[PDB]
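Top line first, the protein sequences correspond to chains C, A, A', B and D. A prime marks a further copy of an entry chain. Under the entry's author numbering, think of the first position of the first sequence as 1, with each following residue one higher. Under the entry's author numbering, think of the first position of the second sequence as 1, with each following residue one higher. Under the entry's author numbering, think of the first position of the third sequence as 1, with each following residue one higher. Under the entry's author numbering, think of the first position of the fourth sequence as 8, with each following residue one higher. Under the entry's author numbering, think of the first position of the fifth sequence as 8, with each following residue one higher. Here is the structure we will look at, set down as structure tokens.
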Amino acid sequence: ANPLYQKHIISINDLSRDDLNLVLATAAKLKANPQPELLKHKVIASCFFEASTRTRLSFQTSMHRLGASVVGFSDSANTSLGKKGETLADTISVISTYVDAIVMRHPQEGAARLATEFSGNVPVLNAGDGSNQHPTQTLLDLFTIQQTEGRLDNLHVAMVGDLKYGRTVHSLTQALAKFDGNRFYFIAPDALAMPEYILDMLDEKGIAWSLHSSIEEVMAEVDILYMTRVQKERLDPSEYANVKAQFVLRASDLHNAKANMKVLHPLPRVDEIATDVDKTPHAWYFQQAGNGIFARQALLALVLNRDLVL
Amino acid sequence: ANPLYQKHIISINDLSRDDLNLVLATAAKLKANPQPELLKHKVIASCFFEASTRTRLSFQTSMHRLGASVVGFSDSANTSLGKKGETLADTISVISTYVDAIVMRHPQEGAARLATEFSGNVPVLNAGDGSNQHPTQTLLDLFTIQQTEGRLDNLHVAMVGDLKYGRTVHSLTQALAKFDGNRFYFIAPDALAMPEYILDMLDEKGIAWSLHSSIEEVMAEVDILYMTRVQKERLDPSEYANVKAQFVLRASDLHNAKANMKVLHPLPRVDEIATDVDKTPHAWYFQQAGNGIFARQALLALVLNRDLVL
Amino acid sequence: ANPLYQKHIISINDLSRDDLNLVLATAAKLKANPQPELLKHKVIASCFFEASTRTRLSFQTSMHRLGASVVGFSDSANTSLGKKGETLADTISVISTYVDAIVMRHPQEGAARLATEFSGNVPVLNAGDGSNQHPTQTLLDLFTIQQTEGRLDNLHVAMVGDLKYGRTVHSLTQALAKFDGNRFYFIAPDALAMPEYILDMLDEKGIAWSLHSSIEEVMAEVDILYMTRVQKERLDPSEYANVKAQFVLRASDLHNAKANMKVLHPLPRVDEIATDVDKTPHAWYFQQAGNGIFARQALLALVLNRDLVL
Amino acid sequence: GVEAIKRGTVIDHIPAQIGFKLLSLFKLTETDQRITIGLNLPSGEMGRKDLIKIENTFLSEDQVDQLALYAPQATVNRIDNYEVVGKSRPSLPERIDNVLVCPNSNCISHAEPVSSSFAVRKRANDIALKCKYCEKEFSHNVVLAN
Amino acid sequence: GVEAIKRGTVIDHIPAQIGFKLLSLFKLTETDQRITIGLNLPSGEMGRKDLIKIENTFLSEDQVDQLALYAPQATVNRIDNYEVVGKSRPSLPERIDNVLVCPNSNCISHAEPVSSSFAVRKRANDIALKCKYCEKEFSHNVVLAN
Ligand SMILES: O=C(O)C[C@H](NC(=O)CP(=O)(O)O)C(=O)O
Ligand SMILES: O=C(O)C[C@H](NC(=O)CP(=O)(O)O)C(=O)O
Ligand SMILES: O=C(O)C[C@H](NC(=O)CP(=O)(O)O)C(=O)O
Ligand SMILES: [Zn+2]
Ligand SMILES: [Zn+2]
């Protein structure tokens with residue numbers, strides 16, 4: 001069997017550099033050599049309890065492209081959880097008697113983990129849980145850095161925006177800390193700083209990070225500028241000061257950047273990234289999006305099919 | 001004619017130290033020897049466009065103690081301004097053809113100055129306009145200090161809470177800088193600091209003021225500890241950080257206090273003054289309220305009577 | 001000093017048969033020979049935290065017939081209690097520094113008792129507190145019975161409707177058990193039965209009471225048929241079963257009635273008294289309302305005047 | 008004996024499973040003075056007892072009144088120089104201040120800054136508590152219950 | 008002494024004012040069996056220790072470990088007929104299940120019918136607690152609700 005075969009994918013914290021590389025090698029293989037009936041006869045649940053454009057559509061296109069069938073919801077209001085007050089435990093309990101895997105997005109931290117407890121032999125894939133994890137996001141991110149930088153080690157990584165609630169940076173930071181000689185630059189308002197629990201590990205793994213107050217004290221030395229959106233729907237009133245992007249990127253700030261340097265963003269972007277950047281060759285976010293198809297295909301293949309791909 | 005005879009009481013910036021003195025002298029006088037008919041045959045309009053418990057009832061009580069009648073509203077919702085789309089200029093133009101004085105409290109700064117331009121001969125009394133001024137609070141406040149301290153000079157005054165939106169402390173500050181030797185100590189969240197226009201004034205008039213991070217650091221030397229409520233309804237969302245009171249007074253913090261020191265508060269109080277303070281001899285906010293009767297009775301008598309012989 | 005001189009009129013449980021008698025004697029007296037200036041120079045606060053048509057206007061009419069002035073509110077929404085978060089304890093503390101008596105109607109039981117603890121020397125009159133008491137209704141009710149029956153003893157009284165939430169029938173029951181020989185007949189949906197605390201009292205005082213399933217079974221022997229409206233606004237959802245009136249009176253059911261029998265109703269009436277009842281000589285609810293003037297005029301005169309010589 | 012102290016209080020005959028409650032409600036534990044607690048100790052009468060011992064400490068006037076409500080069987084023993092200088096048994100007061108919570112949800116008692124107060128009335132079946140504010144009467148069974 | 012058992016367990020040396028806490032959390036007092044608690048007693052090394060004695064009961068190793076959070080100085084004596092057969096000292100457990108509550112308001116943990124669960128980790132000053140669910144790590148200080 002393949003290492004990820006029938007495993008839940010809930011947090012980057014639970015995967016090893018090994019797991020990661022496997023997914024990336026597989027992704028590359030499928031990007032090259034599509035397998036249209038790899039998952040012929042499977043039925044996957046696409047359960048979204050929170051908003052989504054890229055994660056859901058990209059996950060569903062991938063299922064279709066590998067020959068799988070898809071059942072699900074993109075809104076919980078018309079689910080019996082929505083209207084009859086059923087617990088989520090009861091919801092994963094029955095849904096897990098119909099499909100071969102559950103993909104799910106939920107607004108509360110640890111929903112993905114709670115479902116693993118009530119799904120039986122049916123793997124659960126975390127499409128995002130509150131502000132905790134977003135593992136399949138880290139995957140397409142990793143695939144993109146490698147694709148554009150040529151490696152995953154000895155990278156200079158700047159993460160700007162909302163690091164407190166951005167489940168995307170939690171996951172990616174733990175992914176790259178698993179590699180060596182990675183260097184972190186964290187640019188955020190103090191109310192939205194990178195969680196303590198994340199720095200503590202950087203420290204222990206003896207990885208180097210610094211806080212900067214401007215995109216510009218780090219521009220000339222970064223390989224990757226990972227921008228993020230303020231998780232406006234996650235803040236409490238006490239934090240409404242911070243609703244507006246404190247760090248905005250214009251094509252103009254890309255004046256001292258290395259030539260390999262790419263600007264990534266999980267999307268969507270509000271105003272933290274002006275549209276004039278879209279034209280510069282450092283703009284890689286639409287490409288980043290597109291890769292979600294390969295990384296999300298490689299994942300499903302591994303989790304639902306015993307044997308390694310061709 | 002007295003100096004105040006038929007004057008508009010809009011801003012404390014428009015009255016002199018003598019003007020202020022004439023009101024406390026008269027207030028002092030009505031308190032001892034009442035006049036049930038100075039305002040016999042006068043109709044006063046009481047127009048509250050914003051909520052009020054104390055400012056409106058004390059004014060209306062004051063009006064009746066002096067024999068005048070009252071017409072008005074406590075809710076602009078049933079006026080033709082609230083339902084048929086009438087401007088304030090037109091409201092004031094017609095109400096001024098009916099009454100003898102107009103008392104008005106409004107949500108927008110400068111609402112009371114504008115009324116003076118449409119009222120003709122009819123005195124407008126500002127019961128509060130947005131976070132601008134509250135001259136009638138300042139008259140009952142001066143009256144209370146004087147009465148408990150015996151002077152309006154050489155006092156050591158502390159103003160705590162929301163100094164920014166506090167129409168009450170904007171007026172009191174300008175009133176006490178009209179007297180000699182007053183020393184101010186301002187304690188407020190940064191977001192809610194005293195406007196610079198007031199600070200510029202203490203500076204010009206070369207008045208001694210200081211900013212403090214705690215009540216306690218000034219506790220042993222104030223004559224007056226003036227607490228204010230956070231103007232929740234005026235805050236901008238970025239300031240929602242500040243909704244809760246940063247400085248809370250408790251019986252226990254009065255340990256150091258001078259014996260003569262009194263705690264004043266324009267009221268209402270949320271959580272900034274614990275109720276245990278209520279039982280100490282420092283607590284003077286309920287006697288301060290009561291004094292709104294004598295100070296508002298004295299102001300109505302001067303604006304409307306050419307000569308007051310008491 | 002009269003017995004009622006400066007007393008708080010909170011609960012009928014706090015007044016004796018003599019107290020009650022002094023009000024009907026005085027009410028009887030003001031009705032014949034009016035006093036346009038007993039309350040000359042008094043300011044009374046009329047504080048309605050709950051809707052009222054009759055209780056507030058009769059009290060305010062009563063106040064003016066006697067020469068007193070009135071300040072107050074009919075809507076707590078524009079007070080600083082409604083908008084700035086002020087407690088009732090603080091509201092009452094300051095209003096009590098302005099006025100001579102405080103009339104208050106509130107949605108929570110015991111609201112009026114609490115006010116007595118913050119008002120100092122100022123008499124609080126309970127115009128209704130939740131589904132607890134309505135002492136001033138009971139005074140105008142006793143006055144009406146007496147006047148139409150000639151006694152307050154040996155009557156046969158029927159109370160119909162919502163007995164549970166009826167602050168009106170809670171007070172009247174305690175008032176008539178203070179007189180000798182009264183016999184009660186209670187007709188109410190089970191859900192809306194008379195609280196046991198009242199029943200325990202009739203029992204102790206060894207008063208004869210009975211429960212009936214119909215009006216008609218007692219029609220031929222009541223002196224007073226006291227109808228009540230279902231307290232829709234007080235019901236708990238489980239009681240929504242009871243929203244409609246179970247017992248409806250129609251002209252036709254008065255066929256059996258004693259000639260002297262009168263139909264009383266605190267008002268307003270929904271569907272429990274058909275309008276055809278209005279044309280019969282039994283219908284006495286509009287004359288009952290009118291009597292709120294004489295009974296409330298007599299109570300204000302006693303609380304506020306040490307000696308009444310009429 | 009079983010736990011002789013010099014000078015302190017001793018509560019015995021505490022209905023089983025109430026010993027802990029009282030150690031909590033009374034505030035018995037916010038002390039620096041040696042306490043001894045015996046839980047699920049046997050009683051010849053109704054079957055099991057809890058007993059609390061507090062050294063250099065005596066039970067407030069109210070505190071023994073609250074006992075009335077809770078352990079209406081409890082015996083409060085006073086001690087001085089290892090001697091049972093005085094022996095009291097709880098009696099139902101007339102009114103209980105600020106420890107009870109009015110079961111009437113619409114009581115002002117909840118929303119405002121006041122202390123609860125109930126008038127006590129020993130019936131024939133239970134104790135009847137009357138809320139000073141709402142005037143509604145409840146069974147101490149309902150008032151006291153979790 | 009304080010009170011000797013023939014069988015059961017003795018938890019000697021519960022740092023002062025923690026004897027109460029533990030009687031609460033590990034619900035050690037929800038039995039029809041004899042518990043003997045001595046609060047605020049001495050013995051050289053530290054001036055006032057709390058001793059808890061449960062008869063006809065034996066703690067495990069899991070249960071004994073949890074105790075490490077509150078009293079890392081403790082000593083559980085395993086009694087099998089009057090004298091001290093077994094003696095164990097608490098050791099930081101791998102995780103604490105069901106006793107605590109996640110301070111993350113948005114934990115799925117609150118809403119749904121799962122058992123709380125935390126992974127216990129050593130930092131410097133304190134013990135960090137990491138929610139099984141929300142994966143947020145807290146300080147032993149904050150987990151315990153205030
Ligand atoms: O929402 C963002 O800011 C980050 C990230 N977004 C994405 O996954 C893309 P989408 O919400 O379209 O699925 C997420 O955490 O949801
Ligand atoms: O609102 C306050 O905190 C202060 C001050 N308050 C008062 O005037 C008292 P009131 O709102 O009852 O008239 C205000 O500026 O309106
Ligand atoms: O509301 C009723 O049905 C009975 C009674 N009604 C009255 O007092 C008349 P009103 O509401 O006009 O003052 C009440 O308890 O408020
Ligand atoms: Zn109550
Ligand atoms: Zn959690």
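Every residue gets a Cβ at the ideal spot worked out from N, C-alpha and C, and that includes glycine.
With 8 Å set as the bound, which would you pick, yes or no: does the beta-carbon of A'/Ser-80 sit closer than that to a beta-carbon of chain A? yes
Under 7 Å between beta-carbons, which chain A residues line up against C/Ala-241? List them in chain order, please. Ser-238, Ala-241
When the cut-off is 8 Å and only beta carbons count, does A'/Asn-132 lie next to chain B? It does: the Cβ of A'/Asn-132 has a partner Cβ on chain B nearer than 8 Å.
Taking only the alpha-carbon atoms, compute the straight-line gap between A/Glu-239 and B/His-20 and give it to the nearest angstrom. 58 Å
Straight-line Cα distance separating C/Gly-128 from A'/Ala-193: 55 Å
Ligand 1 and C/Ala-51: does the residue's C-beta get closer than 7 Å to at least one heavy atom of that ligand? Checking the Cβ of C/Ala-51 against ligand 1 gives yes.
Would you tell me roughly how many angstroms separate the C-alpha atoms of C/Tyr-98 and C/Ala-89, rounded to the nearest one? Near 15 Å, if we compare the C-alpha coordinates of C/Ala-89 and C/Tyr-98.
Report the residues of the stretch 56-71 of chain A' with a CB closer than 7 Å to any CB of chain A, ordered along the chain. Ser-69, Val-71
Residues of the stretch 96-122 of chain A' with Cβ closer than 7 Å to any Cβ of chain A, in chain order: Against chain A - using a Cβ distance shorter than 7 Å - the residues of the stretch 96-122 of chain A' are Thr-97, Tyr-98, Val-99.
Compute the Euclidean distance between the alpha carbons of A'/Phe-73 and A/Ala-241, then round it to the nearest angstrom. 34 Å
Just tell me which of C/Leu-202, C/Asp-162, C/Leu-300 has its CA closest to the CA of C/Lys-7. C/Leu-300
Under 8 Å between beta-carbons, which chain A' residues line up against B/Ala-118? List them in chain order, please. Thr-87, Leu-88, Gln-108
Return yes when the C-beta of C/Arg-296 is under 7 Å from any heavy atom of ligand 1, and no when it is not. no
Roughly how many whole angstroms lie between the Cα atoms of A'/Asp-271 and A'/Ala-245? 7 Å
Hey, A/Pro-189 and A'/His-41: beta-carbon distance below 8 Å or not? no
Among A'/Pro-34, A'/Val-94, A'/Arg-54, A'/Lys-178, which one has its Cα closest to the Cα of A'/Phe-286? A'/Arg-54
Any Cβ of chain C within less than 8 Å of the Cβ of D/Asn-105? no
Keeping to the same chain, check which residues put their C-beta closer than 7 Å to that of D/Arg-102; ignore five residues upstream and five downstream. Correct list, in chain order: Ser-124, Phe-125, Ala-126, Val-127.
When the cut-off is 8 Å and only beta carbons count, does A/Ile-145 lie next to chain A'? no
Proximal residues of chain A', C-beta to C-beta of B/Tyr-77 below 8 Å: Under the 8 Å cutoff, chain A' gives no residues; its nearest Cβ is about 24 Å from B/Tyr-77.
A'/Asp-141 by DSSP, collapsed to three states: which one? Here A'/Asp-141 carries a helix assignment [DSSP, helix/strand/coil].
Is there at least one non-hydrogen atom of ligand 1 closer than 7 Å to the beta-carbon of C/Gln-231? yes
Do A/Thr-228 and A/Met-159 come within 8 Å of each other at the CB atom, strictly closer than that value? yes
So, at 7 Å on beta carbons, what are the nonlocal neighbours of C/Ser-58 in its own chain, with the 5 sequence-adjacent residues on each side left out? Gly-292, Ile-293, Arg-296
Considering only the alpha carbon of each residue, which of B/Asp-104, B/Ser-31, B/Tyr-140 lies closest to B/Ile-59? When only C-alpha atoms are compared, the closest one is B/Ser-31.
Just checking: is the beta-carbon of B/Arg-41 within a distance shorter than 8 Å of some beta-carbon in chain D? yes
Considering only the beta carbon of each residue, do A/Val-248 and A/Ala-274 sit closer than 8 Å? Cβ distance < 8 Å, so A/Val-248 and A/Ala-274 count as in contact.
Which value, in whole angstroms, describes the spacing of the CA atoms of A'/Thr-148 and B/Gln-73? 51 Å
Apart from the five residues on each side of it in sequence, which residues of its chain come closer than 8 Å, Cβ to Cβ, to C/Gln-108? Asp-129, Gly-130
Terminal residues of the beta strand (DSSP E) in which A/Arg-183 lies: 183-187
Does the Cβ of A'/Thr-91 lie closer than 7 Å to at least one heavy atom of ligand 1? no
Where D/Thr-16 and C/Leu-15 are concerned, what is the direct C-alpha to C-alpha distance, given to the nearest angstrom? 43 Å
Answer yes or no: do A/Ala-220 and A/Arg-183 have a C-beta to C-beta separation smaller than 8 Å? no
I'd like to know whether the C-beta atoms of C/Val-230 and C/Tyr-185 end up nearer to each other than 8 Å. no
Which residues bound the alpha helix (DSSP H) around A/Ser-171? 167-176
Alpha helix (DSSP H) containing B/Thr-36: first to last residue? Segment: none, B/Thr-36 is in no alpha helix (DSSP H) and carries neither H nor E.
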